[PDB]
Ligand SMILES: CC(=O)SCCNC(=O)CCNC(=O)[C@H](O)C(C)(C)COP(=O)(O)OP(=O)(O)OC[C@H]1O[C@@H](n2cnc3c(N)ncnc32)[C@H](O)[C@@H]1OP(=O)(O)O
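Coming up is one lone chain in structure tokens, specifically the form solved without the named molecule.
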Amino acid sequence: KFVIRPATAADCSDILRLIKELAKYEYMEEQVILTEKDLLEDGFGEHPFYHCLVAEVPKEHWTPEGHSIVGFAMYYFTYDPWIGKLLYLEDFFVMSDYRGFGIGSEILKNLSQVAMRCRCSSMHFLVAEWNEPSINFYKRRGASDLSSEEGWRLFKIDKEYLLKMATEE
């Protein structure tokens, strides 16, 4: 059927392909600026800024375009001053013609083992408020909505504004 395993440098082309496919899936249309070079340098350079798990399918079940990777999960470690190291799930995506096979649940299982192995007190991630199916999917597994409970809002300051603060009076 398929296997869930850590990504290797050779998988970066597959990951970018899936990221671009994910970007298309999304509704919040945004351009993917990442290049395979970035994924290689940032993930398999001196310091890994992200980690990926990939879902590989048997050679005789490849993608119509001849691809063995049909899914991926990107994560990294974060830190909380109160409790310490946390696991952060950035994104999770499985190709359309491969959903409903359990791949998604297997990735989640593997991420949970990573959390256990790396001594993470919990796993954080974002869910769009309008995505009720996903909200319930996670709540059914014990997830808590911290934005709803504690009022947290995600803020961002772009490079343009960062540059101003970096070089101001």
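The numbering used is simple: start at 1 and walk along the sequence shown.
Although not depicted, the form solved in complex with the named molecule is the subject of the following passage.
Here is the short version: of 112, 121, 105, 35, the single residue with a heavy atom within 4.5 Å of the named molecule in the deposited complex is 105. Put simply, residue 16 is far from the named molecule in the deposited complex: not one heavy atom of it is within 4.5 Å. Using a 4.5 angstroms threshold between heavy atoms, residue 117 stays clear of the named molecule in the deposited complex. Using a 4.5 angstroms threshold between heavy atoms, residue 161 stays clear of the named molecule in the deposited complex.
Taking non-hydrogen atoms only, residue 77 never approaches the named molecule to within 4.5 angstroms in the deposited complex. If you check the named molecule in the deposited complex, you find no heavy atom from any of 20, 44 and 50 within 4.5 Å.
Residues of 93 to 112 placing a heavy atom within 4.5 Å of the named molecule in the deposited complex, in sequence order: 93, 94, 98, 99, 100, 101, 102, 103, 104, 105.
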